[PDB]
Protein chains: 2
Amino acid sequence: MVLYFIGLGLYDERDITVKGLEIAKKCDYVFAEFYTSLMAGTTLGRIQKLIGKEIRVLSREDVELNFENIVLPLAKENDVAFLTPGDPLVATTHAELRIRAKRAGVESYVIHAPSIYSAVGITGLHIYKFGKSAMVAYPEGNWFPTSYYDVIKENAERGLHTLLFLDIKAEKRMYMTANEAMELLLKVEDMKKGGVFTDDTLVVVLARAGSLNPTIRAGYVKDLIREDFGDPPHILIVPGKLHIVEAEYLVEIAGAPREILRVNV
Amino acid sequence: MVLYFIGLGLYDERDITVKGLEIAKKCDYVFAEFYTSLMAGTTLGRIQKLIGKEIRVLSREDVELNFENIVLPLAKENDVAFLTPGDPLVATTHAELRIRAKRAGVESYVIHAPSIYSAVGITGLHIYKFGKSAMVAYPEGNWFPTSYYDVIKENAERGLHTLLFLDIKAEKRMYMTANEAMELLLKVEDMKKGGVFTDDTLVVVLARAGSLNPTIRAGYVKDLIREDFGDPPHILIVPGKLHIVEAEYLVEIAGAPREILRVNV
Ligand SMILES: Nc1ncnc2c1ncn2[C@@H]1O[C@H](CSCC[C@H](N)C(=O)O)[C@@H](O)[C@H]1O
Ligand code: NA
């Protein structure tokens, strides 16, 4: 009787750790969710085949309201696994599920996996220099979210980089692109006018991290806002003050304008 | 003609991803480095046996000064792997190595794996709330670095959590403990009197992330400064004001005293 939270990784079924695979392979029951993120390089079948077990997919409602009614009961007499994209506890509310397991008398274990949060390192931006992170949510009705704009502002004042997770509506299959995120930010800039996000703002786009050929691009908003970065998922990053080597990488690897080599210390 | 930056993960030889293991097995040459960090839950022999390839270990100088003389030449006419603990390119100097590869006419690909930056999610702290990260270094001679202290001050000033990497003498396999880190911080507090780190400060200690039996402890400095958190490596975190959900996890999963539910929320 035990519950394993197992991350599947960034892009395909092979992004799971060897540890996670060995353990999943020997679990009696296997559950999973695919609404917290998008694994653009695989399918449920490829995952099932790799693990050699049938996988029951749960919706956000199944988890958020019935985790203790669907999964925990089984973990009382067997070994159960709960799979998720990336790392199980990053930019999700899955950590609270460990409390539910406790209160149900079920020991739980976490098997980590590559997360978009650390894969940002491939942009060449020093990961220790990232500050508060934010999520850009699709506007709904007359409710128009803007908190992520202040996050960028606060970080930028401190010279820190900002990681912006992009919205995802799995059931509708809506995956916010870096372009849509850029458009939303420009609209918030007009509203607040704090000189935080403009056509001249340098940004970095990372698409489909985890694949062997992700899209890594850096440039000014005015030039990237209409560029095609391939299929989702995408993340947007607003760098803070750049180090010479960060800029060198952006130019050499992310194709940024050579003029950013000239940093303003 | 191809260089693969492959991550080994967090603790043992099973923390490498399936994608990384298979790709390393198809490589003609395999290098590794264990100066940026160490795999406390395994050995070079076990990693070697798992990959089924002889592994040549490179020192900090081998990499930083002669990467293009030791690794790249072979990468010109072969598939070469460069293994590193955690997720590739997280260590601040590693990204630049891709520029050297390009400059050498060598194609490079990054194969991700779990990093402590994302793994700390198991502490129950929301990942978006982490601010700038720092490293606590051992003082030596007339040198007593304290900038990591200011990092905590600025993060906590904004309700942000601070991730503190602890010093390590990889060569001498000497791990700074969470306890030593706290003593150092108290000392710095005594010298800067900024009211940033005191006996009443709440902290979180994460030891052996990646293991099935990691140590997750949360509490006040005065009660944890002499507690035994087990074998290294240790990671220290100074949380900013907590979200009730975070506090509940620290209490239920990390054994934090109920006092944080009213004092740190
Ligand atoms: N491979 C990938 N490439 C680019 N962005 C990604 C990504 N995987 C996740 N994301 C980003 O993160 C959002 C999901 S947030 C959930 C993240 C997950 N637990 C992890 O550890 O990575 C997506 O909407 C997207 O903006
Ligand atoms: Na961070």
# chains A, B, ... in the order shown; residues from 1 in each chain; ligands from 1
>>> select_by_dssp(residues="range 69-197 of chain A", states="alpha helix (DSSP H)", output="PDB file with N, CA, C and O atoms, in the first residue's frame")
ATOM      1  N   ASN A  69     -11.287   9.659  -3.485  1.00  0.00           N
ATOM      2  CA  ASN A  69     -12.394   8.741  -3.778  1.00  0.00           C
ATOM      3  C   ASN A  69     -12.056   7.786  -4.912  1.00  0.00           C
ATOM      4  O   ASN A  69     -12.630   6.699  -5.018  1.00  0.00           O
ATOM      5  N   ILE A  70     -11.130   8.205  -5.765  1.00  0.00           N
ATOM      6  CA  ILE A  70     -10.738   7.398  -6.905  1.00  0.00           C
ATOM      7  C   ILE A  70      -9.392   6.700  -6.739  1.00  0.00           C
ATOM      8  O   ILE A  70      -9.272   5.501  -6.990  1.00  0.00           O
ATOM      9  N   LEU A  72      -6.777   7.215  -3.765  1.00  0.00           N
ATOM     10  CA  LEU A  72      -6.389   6.790  -2.432  1.00  0.00           C
ATOM     11  C   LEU A  72      -6.959   5.443  -1.983  1.00  0.00           C
ATOM     12  O   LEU A  72      -6.239   4.623  -1.412  1.00  0.00           O
ATOM     13  N   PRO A  73      -8.253   5.186  -2.238  1.00  0.00           N
ATOM     14  CA  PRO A  73      -8.831   3.903  -1.825  1.00  0.00           C
ATOM     15  C   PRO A  73      -7.996   2.704  -2.280  1.00  0.00           C
ATOM     16  O   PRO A  73      -7.754   1.774  -1.505  1.00  0.00           O
ATOM     17  N   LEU A  74      -7.558   2.726  -3.536  1.00  0.00           N
ATOM     18  CA  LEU A  74      -6.755   1.633  -4.073  1.00  0.00           C
ATOM     19  C   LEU A  74      -5.372   1.542  -3.440  1.00  0.00           C
ATOM     20  O   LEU A  74      -4.864   0.450  -3.199  1.00  0.00           O
ATOM     21  N   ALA A  75      -4.773   2.691  -3.158  1.00  0.00           N
ATOM     22  CA  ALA A  75      -3.443   2.726  -2.566  1.00  0.00           C
ATOM     23  C   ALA A  75      -3.418   2.142  -1.159  1.00  0.00           C
ATOM     24  O   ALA A  75      -2.355   2.015  -0.549  1.00  0.00           O
ATOM     25  N   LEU A  97      -2.098  17.057  -2.456  1.00  0.00           N
ATOM     26  CA  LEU A  97      -2.592  15.695  -2.541  1.00  0.00           C
ATOM     27  C   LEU A  97      -1.804  14.798  -1.588  1.00  0.00           C
ATOM     28  O   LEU A  97      -2.290  13.750  -1.165  1.00  0.00           O
ATOM     29  N   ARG A  98      -0.583  15.198  -1.243  1.00  0.00           N
ATOM     30  CA  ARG A  98       0.203  14.383  -0.326  1.00  0.00           C
ATOM     31  C   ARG A  98      -0.411  14.452   1.068  1.00  0.00           C
ATOM     32  O   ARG A  98      -0.278  13.521   1.855  1.00  0.00           O
ATOM     33  N   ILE A  99      -1.085  15.557   1.369  1.00  0.00           N
ATOM     34  CA  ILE A  99      -1.726  15.722   2.666  1.00  0.00           C
ATOM     35  C   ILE A  99      -2.939  14.808   2.728  1.00  0.00           C
ATOM     36  O   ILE A  99      -3.219  14.198   3.758  1.00  0.00           O
ATOM     37  N   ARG A 100      -3.654  14.712   1.611  1.00  0.00           N
ATOM     38  CA  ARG A 100      -4.829  13.856   1.527  1.00  0.00           C
ATOM     39  C   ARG A 100      -4.406  12.413   1.726  1.00  0.00           C
ATOM     40  O   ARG A 100      -5.113  11.627   2.354  1.00  0.00           O
ATOM     41  N   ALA A 101      -3.252  12.062   1.170  1.00  0.00           N
ATOM     42  CA  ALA A 101      -2.748  10.707   1.297  1.00  0.00           C
ATOM     43  C   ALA A 101      -2.425  10.446   2.765  1.00  0.00           C
ATOM     44  O   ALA A 101      -2.726   9.379   3.304  1.00  0.00           O
ATOM     45  N   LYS A 102      -1.823  11.429   3.420  1.00  0.00           N
ATOM     46  CA  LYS A 102      -1.479  11.262   4.820  1.00  0.00           C
ATOM     47  C   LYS A 102      -2.737  11.009   5.633  1.00  0.00           C
ATOM     48  O   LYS A 102      -2.819  10.030   6.376  1.00  0.00           O
ATOM     49  N   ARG A 103      -3.723  11.887   5.481  1.00  0.00           N
ATOM     50  CA  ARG A 103      -4.946  11.787   6.255  1.00  0.00           C
ATOM     51  C   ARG A 103      -5.745  10.523   5.924  1.00  0.00           C
ATOM     52  O   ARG A 103      -6.685  10.149   6.612  1.00  0.00           O
ATOM     53  N   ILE A 116      10.112  22.285 -16.697  1.00  0.00           N
ATOM     54  CA  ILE A 116      10.342  23.473 -17.522  1.00  0.00           C
ATOM     55  C   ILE A 116      11.063  24.524 -16.669  1.00  0.00           C
ATOM     56  O   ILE A 116      11.816  25.359 -17.175  1.00  0.00           O
ATOM     57  N   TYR A 117      10.831  24.465 -15.364  1.00  0.00           N
ATOM     58  CA  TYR A 117      11.443  25.405 -14.439  1.00  0.00           C
ATOM     59  C   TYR A 117      12.984  25.370 -14.450  1.00  0.00           C
ATOM     60  O   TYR A 117      13.637  26.391 -14.211  1.00  0.00           O
ATOM     61  N   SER A 118      13.572  24.208 -14.723  1.00  0.00           N
ATOM     62  CA  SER A 118      15.028  24.122 -14.755  1.00  0.00           C
ATOM     63  C   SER A 118      15.551  24.103 -16.197  1.00  0.00           C
ATOM     64  O   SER A 118      16.678  24.520 -16.466  1.00  0.00           O
ATOM     65  N   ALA A 119      14.720  23.640 -17.123  1.00  0.00           N
ATOM     66  CA  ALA A 119      15.084  23.586 -18.535  1.00  0.00           C
ATOM     67  C   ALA A 119      15.273  24.978 -19.155  1.00  0.00           C
ATOM     68  O   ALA A 119      15.706  25.132 -20.289  1.00  0.00           O
ATOM     69  N   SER A 147      -1.725  40.498 -12.868  1.00  0.00           N
ATOM     70  CA  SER A 147      -0.683  40.300 -11.864  1.00  0.00           C
ATOM     71  C   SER A 147       0.685  39.953 -12.448  1.00  0.00           C
ATOM     72  O   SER A 147       1.712  40.419 -11.958  1.00  0.00           O
ATOM     73  N   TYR A 148       0.703  39.139 -13.494  1.00  0.00           N
ATOM     74  CA  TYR A 148       1.962  38.746 -14.110  1.00  0.00           C
ATOM     75  C   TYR A 148       2.761  39.942 -14.611  1.00  0.00           C
ATOM     76  O   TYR A 148       3.980  39.865 -14.768  1.00  0.00           O
ATOM     77  N   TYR A 149       2.067  41.048 -14.858  1.00  0.00           N
ATOM     78  CA  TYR A 149       2.709  42.262 -15.343  1.00  0.00           C
ATOM     79  C   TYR A 149       3.513  42.896 -14.221  1.00  0.00           C
ATOM     80  O   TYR A 149       4.622  43.381 -14.439  1.00  0.00           O
ATOM     81  N   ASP A 150       2.951  42.887 -13.018  1.00  0.00           N
ATOM     82  CA  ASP A 150       3.641  43.453 -11.868  1.00  0.00           C
ATOM     83  C   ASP A 150       4.859  42.599 -11.498  1.00  0.00           C
ATOM     84  O   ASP A 150       5.882  43.120 -11.043  1.00  0.00           O
ATOM     85  N   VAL A 151       4.747  41.287 -11.695  1.00  0.00           N
ATOM     86  CA  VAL A 151       5.849  40.380 -11.395  1.00  0.00           C
ATOM     87  C   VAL A 151       7.054  40.785 -12.245  1.00  0.00           C
ATOM     88  O   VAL A 151       8.172  40.923 -11.736  1.00  0.00           O
ATOM     89  N   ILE A 152       6.820  40.985 -13.540  1.00  0.00           N
ATOM     90  CA  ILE A 152       7.884  41.395 -14.441  1.00  0.00           C
ATOM     91  C   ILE A 152       8.499  42.702 -13.951  1.00  0.00           C
ATOM     92  O   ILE A 152       9.720  42.857 -13.923  1.00  0.00           O
ATOM     93  N   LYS A 153       7.644  43.640 -13.563  1.00  0.00           N
ATOM     94  CA  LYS A 153       8.101  44.940 -13.098  1.00  0.00           C
ATOM     95  C   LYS A 153       9.010  44.828 -11.884  1.00  0.00           C
ATOM     96  O   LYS A 153      10.113  45.368 -11.869  1.00  0.00           O
ATOM     97  N   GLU A 154       8.528  44.136 -10.862  1.00  0.00           N
ATOM     98  CA  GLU A 154       9.279  43.952  -9.637  1.00  0.00           C
ATOM     99  C   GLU A 154      10.631  43.287  -9.898  1.00  0.00           C
ATOM    100  O   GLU A 154      11.646  43.737  -9.374  1.00  0.00           O
ATOM    101  N   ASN A 155      10.648  42.229 -10.707  1.00  0.00           N
ATOM    102  CA  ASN A 155      11.896  41.532 -11.004  1.00  0.00           C
ATOM    103  C   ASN A 155      12.864  42.419 -11.769  1.00  0.00           C
ATOM    104  O   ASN A 155      14.054  42.493 -11.444  1.00  0.00           O
ATOM    105  N   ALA A 156      12.347  43.077 -12.801  1.00  0.00           N
ATOM    106  CA  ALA A 156      13.157  43.951 -13.634  1.00  0.00           C
ATOM    107  C   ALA A 156      13.824  45.061 -12.823  1.00  0.00           C
ATOM    108  O   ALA A 156      14.963  45.434 -13.101  1.00  0.00           O
ATOM    109  N   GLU A 157      13.127  45.584 -11.818  1.00  0.00           N
ATOM    110  CA  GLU A 157      13.708  46.641 -10.995  1.00  0.00           C
ATOM    111  C   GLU A 157      14.926  46.109 -10.245  1.00  0.00           C
ATOM    112  O   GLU A 157      15.849  46.859  -9.933  1.00  0.00           O
ATOM    113  N   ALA A 178       3.528  32.032 -27.114  1.00  0.00           N
ATOM    114  CA  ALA A 178       4.304  33.161 -26.626  1.00  0.00           C
ATOM    115  C   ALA A 178       3.779  34.435 -27.287  1.00  0.00           C
ATOM    116  O   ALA A 178       3.830  35.522 -26.705  1.00  0.00           O
ATOM    117  N   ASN A 179       3.272  34.293 -28.510  1.00  0.00           N
ATOM    118  CA  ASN A 179       2.716  35.423 -29.244  1.00  0.00           C
ATOM    119  C   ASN A 179       1.497  35.970 -28.500  1.00  0.00           C
ATOM    120  O   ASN A 179       1.406  37.170 -28.242  1.00  0.00           O
ATOM    121  N   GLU A 180       0.560  35.092 -28.149  1.00  0.00           N
ATOM    122  CA  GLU A 180      -0.634  35.535 -27.437  1.00  0.00           C
ATOM    123  C   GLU A 180      -0.256  36.210 -26.128  1.00  0.00           C
ATOM    124  O   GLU A 180      -0.861  37.211 -25.739  1.00  0.00           O
ATOM    125  N   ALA A 181       0.746  35.652 -25.448  1.00  0.00           N
ATOM    126  CA  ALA A 181       1.215  36.199 -24.179  1.00  0.00           C
ATOM    127  C   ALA A 181       1.791  37.588 -24.412  1.00  0.00           C
ATOM    128  O   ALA A 181       1.579  38.498 -23.618  1.00  0.00           O
ATOM    129  N   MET A 182       2.516  37.748 -25.512  1.00  0.00           N
ATOM    130  CA  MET A 182       3.096  39.041 -25.842  1.00  0.00           C
ATOM    131  C   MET A 182       2.003  40.073 -26.117  1.00  0.00           C
ATOM    132  O   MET A 182       2.109  41.221 -25.687  1.00  0.00           O
ATOM    133  N   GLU A 183       0.949  39.662 -26.823  1.00  0.00           N
ATOM    134  CA  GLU A 183      -0.154  40.565 -27.126  1.00  0.00           C
ATOM    135  C   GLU A 183      -0.833  41.015 -25.835  1.00  0.00           C
ATOM    136  O   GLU A 183      -1.128  42.198 -25.657  1.00  0.00           O
ATOM    137  N   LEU A 184      -1.088  40.069 -24.937  1.00  0.00           N
ATOM    138  CA  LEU A 184      -1.733  40.385 -23.667  1.00  0.00           C
ATOM    139  C   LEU A 184      -0.911  41.396 -22.870  1.00  0.00           C
ATOM    140  O   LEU A 184      -1.459  42.344 -22.300  1.00  0.00           O
ATOM    141  N   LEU A 185       0.406  41.196 -22.837  1.00  0.00           N
ATOM    142  CA  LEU A 185       1.291  42.103 -22.117  1.00  0.00           C
ATOM    143  C   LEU A 185       1.263  43.522 -22.687  1.00  0.00           C
ATOM    144  O   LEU A 185       1.268  44.497 -21.937  1.00  0.00           O
ATOM    145  N   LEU A 186       1.231  43.646 -24.010  1.00  0.00           N
ATOM    146  CA  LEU A 186       1.183  44.971 -24.622  1.00  0.00           C
ATOM    147  C   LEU A 186      -0.115  45.689 -24.259  1.00  0.00           C
ATOM    148  O   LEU A 186      -0.135  46.909 -24.094  1.00  0.00           O
ATOM    149  N   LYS A 187      -1.196  44.930 -24.121  1.00  0.00           N
ATOM    150  CA  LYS A 187      -2.475  45.520 -23.763  1.00  0.00           C
ATOM    151  C   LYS A 187      -2.437  45.995 -22.320  1.00  0.00           C
ATOM    152  O   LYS A 187      -3.027  47.024 -21.981  1.00  0.00           O
ATOM    153  N   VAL A 188      -1.743  45.245 -21.468  1.00  0.00           N
ATOM    154  CA  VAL A 188      -1.637  45.622 -20.063  1.00  0.00           C
ATOM    155  C   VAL A 188      -0.728  46.838 -19.940  1.00  0.00           C
ATOM    156  O   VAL A 188      -0.911  47.677 -19.063  1.00  0.00           O
ATOM    157  N   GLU A 189       0.244  46.936 -20.838  1.00  0.00           N
ATOM    158  CA  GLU A 189       1.156  48.070 -20.831  1.00  0.00           C
ATOM    159  C   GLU A 189       0.387  49.359 -21.140  1.00  0.00           C
ATOM    160  O   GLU A 189       0.653  50.396 -20.538  1.00  0.00           O
ATOM    161  N   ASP A 190      -0.565  49.300 -22.073  1.00  0.00           N
ATOM    162  CA  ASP A 190      -1.352  50.489 -22.408  1.00  0.00           C
ATOM    163  C   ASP A 190      -2.190  50.890 -21.211  1.00  0.00           C
ATOM    164  O   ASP A 190      -2.305  52.063 -20.874  1.00  0.00           O
ATOM    165  N   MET A 191      -2.777  49.893 -20.570  1.00  0.00           N
ATOM    166  CA  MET A 191      -3.621  50.109 -19.410  1.00  0.00           C
ATOM    167  C   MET A 191      -2.840  50.734 -18.248  1.00  0.00           C
ATOM    168  O   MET A 191      -3.223  51.782 -17.727  1.00  0.00           O
ATOM    169  N   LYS A 192      -1.734  50.105 -17.859  1.00  0.00           N
ATOM    170  CA  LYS A 192      -0.932  50.592 -16.738  1.00  0.00           C
ATOM    171  C   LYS A 192       0.168  51.583 -17.103  1.00  0.00           C
ATOM    172  O   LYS A 192       0.553  52.417 -16.285  1.00  0.00           O
TER     173      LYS A 192
END
>>> select_by_dssp(residues="range 213-249 of chain A", states="strand (DSSP E or B)", output="ChimeraX atom specification")
/A:215-220,234-238
>>> residues_near_ligand(ligand="ligand 2", cutoff="12 Å", atoms="only C-alpha atoms and all ligand atoms", output="NGL selection string")
(:A and (90 or 116-121 or 125-134 or 155 or 160-164)) or (:B and (90 or 115-121 or 125-134 or 155 or 160-165 or 237))
>>> residues_near_ligand(ligand="ligand 1", cutoff="7 Å", atoms="only C-alpha atoms and all ligand atoms", output="MDAnalysis selection string")
(chainID A and resid 10:11 36:39 85:92 114:117 165:168 175:176 206:210 232:235) or (chainID B and resid 118)
>>> write_last_selection(atoms="C-alpha atoms", output="short mmCIF file (atom, residue, chain, number, x, y, z; two decimals), in the first residue's frame")
data_model
loop_
_atom_site.label_atom_id
_atom_site.label_comp_id
_atom_site.auth_asym_id
_atom_site.auth_seq_id
_atom_site.Cartn_x
_atom_site.Cartn_y
_atom_site.Cartn_z
CA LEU A 10 8.97 17.68 -20.67
CA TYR A 11 8.25 16.28 -24.13
CA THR A 36 -1.40 20.77 -15.98
CA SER A 37 0.85 20.78 -19.05
CA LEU A 38 1.36 19.48 -22.56
CA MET A 39 3.75 16.69 -23.61
CA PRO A 85 3.86 15.91 -17.09
CA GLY A 86 7.13 17.58 -16.09
CA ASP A 87 7.70 17.35 -12.35
CA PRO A 88 4.59 16.42 -10.26
CA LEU A 89 4.81 19.35 -7.84
CA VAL A 90 5.98 22.21 -10.07
CA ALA A 91 3.43 24.90 -10.90
CA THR A 92 0.57 22.62 -9.85
CA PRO A 114 12.74 17.18 -15.94
CA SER A 115 10.79 20.40 -15.32
CA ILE A 116 10.34 23.47 -17.52
CA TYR A 117 11.44 25.40 -14.44
CA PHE A 165 4.29 30.00 -17.56
CA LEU A 166 1.57 30.23 -20.24
CA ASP A 167 -2.08 29.28 -19.80
CA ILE A 168 -3.44 25.89 -20.78
CA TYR A 175 -2.33 26.17 -25.42
CA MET A 176 -1.33 29.81 -25.12
CA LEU A 206 11.43 28.52 -25.47
CA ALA A 207 9.11 26.09 -27.22
CA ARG A 208 8.84 22.35 -26.77
CA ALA A 209 11.70 22.05 -24.31
CA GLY A 210 12.70 18.43 -23.95
CA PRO A 232 3.07 24.47 -28.05
CA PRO A 233 3.82 24.35 -25.20
CA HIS A 234 5.63 27.69 -25.05
CA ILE A 235 7.00 29.72 -22.16
CA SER B 118 12.41 22.10 -9.45
#
>>> calpha_fit_rmsd(fixed="chain A", moving="chain B")
0.9 Å
>>> closest_residue(among="B:68, B:96, B:231, B:28", to="chain A", atoms="only C-alpha atoms")
B:96
>>> residues_around(residues="residue 52 in chain B", least_positions_apart="5", cutoff="12 Å", atoms="only C-alpha atoms", output="number ranges by chain")
B: 21-30, 44-47
>>> residues_around(residues="residue 60 in chain B", least_positions_apart="3", cutoff="8 Å", atoms="only C-alpha atoms", output="list in words")
residues 33, 35, 63 and 64 of chain B
>>> closest_residue(among="B:81, B:260, B:113, B:71", to="residue 18 in chain B", atoms="only C-alpha atoms")
B:113
>>> closest_residue(among="A:1, A:238, A:263, A:216", to="residue 250 in chain A", atoms="only C-alpha atoms")
A:216
>>> decode(residues="range 227-264 of chain B", atoms="C-alpha atoms", output="PDB file, in the first residue's frame")
ATOM      1  CA  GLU B 227      19.088  18.801  14.508  1.00  0.00           C
ATOM      2  CA  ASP B 228      20.550  15.955  12.462  1.00  0.00           C
ATOM      3  CA  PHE B 229      19.187  16.066   8.920  1.00  0.00           C
ATOM      4  CA  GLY B 230      21.121  12.996   7.782  1.00  0.00           C
ATOM      5  CA  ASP B 231      23.853  12.695   5.154  1.00  0.00           C
ATOM      6  CA  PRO B 232      24.487  15.401   2.522  1.00  0.00           C
ATOM      7  CA  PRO B 233      23.792  17.063   0.338  1.00  0.00           C
ATOM      8  CA  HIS B 234      21.661  19.569   2.242  1.00  0.00           C
ATOM      9  CA  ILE B 235      19.769  22.514   0.786  1.00  0.00           C
ATOM     10  CA  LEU B 236      18.586  25.392   2.959  1.00  0.00           C
ATOM     11  CA  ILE B 237      15.553  27.546   2.257  1.00  0.00           C
ATOM     12  CA  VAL B 238      14.368  30.713   3.957  1.00  0.00           C
ATOM     13  CA  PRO B 239      10.642  31.035   3.120  1.00  0.00           C
ATOM     14  CA  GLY B 240       8.968  34.428   2.808  1.00  0.00           C
ATOM     15  CA  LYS B 241       5.471  34.899   4.252  1.00  0.00           C
ATOM     16  CA  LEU B 242       3.614  31.621   3.643  1.00  0.00           C
ATOM     17  CA  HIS B 243       0.340  30.760   1.916  1.00  0.00           C
ATOM     18  CA  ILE B 244      -1.791  28.740   4.367  1.00  0.00           C
ATOM     19  CA  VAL B 245      -1.599  25.773   1.978  1.00  0.00           C
ATOM     20  CA  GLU B 246       2.203  25.882   2.073  1.00  0.00           C
ATOM     21  CA  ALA B 247       2.187  26.075   5.858  1.00  0.00           C
ATOM     22  CA  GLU B 248      -0.167  23.110   6.079  1.00  0.00           C
ATOM     23  CA  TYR B 249       2.191  20.993   3.956  1.00  0.00           C
ATOM     24  CA  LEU B 250       5.221  22.025   6.034  1.00  0.00           C
ATOM     25  CA  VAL B 251       3.317  20.978   9.168  1.00  0.00           C
ATOM     26  CA  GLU B 252       1.845  17.721   7.852  1.00  0.00           C
ATOM     27  CA  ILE B 253       4.752  16.542   5.702  1.00  0.00           C
ATOM     28  CA  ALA B 254       7.814  18.318   7.093  1.00  0.00           C
ATOM     29  CA  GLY B 255       6.955  18.135  10.779  1.00  0.00           C
ATOM     30  CA  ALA B 256       6.798  21.920  11.182  1.00  0.00           C
ATOM     31  CA  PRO B 257       5.380  23.201  14.497  1.00  0.00           C
ATOM     32  CA  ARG B 258       1.732  24.335  14.439  1.00  0.00           C
ATOM     33  CA  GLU B 259       3.041  27.767  15.419  1.00  0.00           C
ATOM     34  CA  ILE B 260       3.877  28.559  11.782  1.00  0.00           C
ATOM     35  CA  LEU B 261       0.163  28.368  10.945  1.00  0.00           C
ATOM     36  CA  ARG B 262      -0.409  31.558  12.927  1.00  0.00           C
ATOM     37  CA  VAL B 263       3.031  33.152  12.973  1.00  0.00           C
ATOM     38  CA  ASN B 264       4.227  32.675   9.399  1.00  0.00           C
TER      39      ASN B 264
END
